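> Here it is, the structure, as structure tokens.
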Amino acid sequence: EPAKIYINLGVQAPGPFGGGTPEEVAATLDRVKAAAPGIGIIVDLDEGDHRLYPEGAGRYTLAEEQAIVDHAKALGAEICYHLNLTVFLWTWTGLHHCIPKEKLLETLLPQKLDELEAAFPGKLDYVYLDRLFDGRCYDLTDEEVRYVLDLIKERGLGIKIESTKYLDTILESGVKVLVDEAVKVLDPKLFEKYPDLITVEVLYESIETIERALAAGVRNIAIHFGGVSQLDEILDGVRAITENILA
Numbered sequence: 159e160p161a162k163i164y165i166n167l168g169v170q171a172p173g174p175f176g177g178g179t180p181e182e183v184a185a186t187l188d189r190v191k192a193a194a195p196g197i198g199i200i201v202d203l204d205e206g207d208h209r210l211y212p213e214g215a216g217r218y219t220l221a222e223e224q225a226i227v228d229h230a231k232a233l234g235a236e237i238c239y240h241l242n243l244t245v246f247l248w249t250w251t252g253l254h255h256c257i258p259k260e261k262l263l264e265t266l267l268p269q270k271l272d273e274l275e276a277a278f279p280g281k282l283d284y285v286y287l288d289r290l291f292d293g294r295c296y297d298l299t300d301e302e303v304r305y306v307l308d309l310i311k312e313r314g315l316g317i318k319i320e321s322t323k324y325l326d327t328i329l330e331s332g333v334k335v336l337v338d339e340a341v342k343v344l345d346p347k348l349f350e351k352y353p354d355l356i357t358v359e360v361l362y363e364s365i366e367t368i369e370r371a372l373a374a375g376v377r378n379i380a381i382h383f384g385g386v387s388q389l390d391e392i393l394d395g396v397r398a399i400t401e402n403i404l405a
């Protein structure tokens, strides 16, 4: 069967350097689908008594986040939610302070996951956490990894990982994975053992980036462009898929 194609798209709140309101994000997503027809869309999103007005620009409110997802979900786009606040604020410093491993496994991570699916019921496909990131914080044991994967698979979520440190246990757990290769290594043996589970995000440098990927297994490839400014920059290479075919 032919392979799948997606346009990995980053969305953030209006701030000092860019961003767009839920109306602007909705219009851009409609303009991408208007050009790219049979191409999937992967929208990345960062997390923002609980607001209505954003406490400081550069972050969305929970309503604006829901308004974007509900519009992107209606377009058929998959949502990948970034739970970076798992290291946010020992405190009163804005650092990436790491709570004890128990405090995170026992309480916060299930807490954040419950809050997650409470705000976006069944409308999130992948979730990103800065824990499997080559270890960094905490050295995860054998059962510790598969416990976090169980919390994610419980709520029907996939995972986005930057490091392929634990990829050889994620696929055994049968959970969909999103490998961000937009600047480790991986053998094509995985694509014949787990074809419908891996989706590789690549930095678009040319058609040679796709051909090098399609030469292996990669039946699910997401394209992330370098560069609301990017509306037209993506509308340049959006014709790079009508003629690409390659199926």
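For what it's worth, the working numbering labels the leading residue of the sequence shown as 159, then goes sequentially. Heads up, the beta-carbon is just placed ideally off N, CA and C, and yes, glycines get one too.
Put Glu-236 into one of helix, strand or coil per three-state DSSP.
It is a strand residue.
> Please give the ranges of any beta strand (DSSP E) in the stretch 334 to 362, keeping only runs that are unbroken, at least 3 residues long and fully inside the region.
With a minimum length of 3 residues, the continuous beta strand (DSSP E) runs that stay inside the stretch 334 to 362 are 335 to 339 and 356 to 361.
> Examine chain B for any beta-carbon lying closer than 9 Å to the beta-carbon of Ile-365, and answer yes or no.
Note that chain B does not occur in the displayed structure, where there is just one protein chain.
> For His-208, which residues in the same chain have their Cβ closer than 8 Å to its Cβ, ignoring the five residues on either side in sequence?
Cβ neighbours of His-208 beyond the five flanking positions: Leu-220.
> Go ahead and pull the three-state DSSP assignment for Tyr-284.
Correct three-state label for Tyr-284: strand.
> Under the three-state reduction of DSSP, which class applies to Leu-220: helix, strand or coil?
It is helical.
> On a Cα-Cα basis, can you pick out the residue from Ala-171, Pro-279 and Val-303 that is closest to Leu-287?
The shortest Cα separation from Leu-287 among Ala-171, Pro-279 and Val-303 belongs to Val-303.
> Expressed to the nearest angstrom, what Euclidean distance is found between the alpha-carbon atoms of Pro-180 and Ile-226?
Going by the C-alpha atoms only, they are around 6 Å apart.
> Which whole-angstrom value describes the C-beta separation of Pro-172 and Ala-215, a residue pair presumed to lie in contact below a C-beta threshold of 8 Å?
Contact holds; Cβ gap of about 7 Å.
> For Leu-315, which option in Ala-194, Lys-261, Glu-236 and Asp-390 has the closest C-alpha, if you only look at C-alpha atoms?
Of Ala-194, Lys-261, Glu-236 and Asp-390, the residue nearest in Cα terms is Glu-236.
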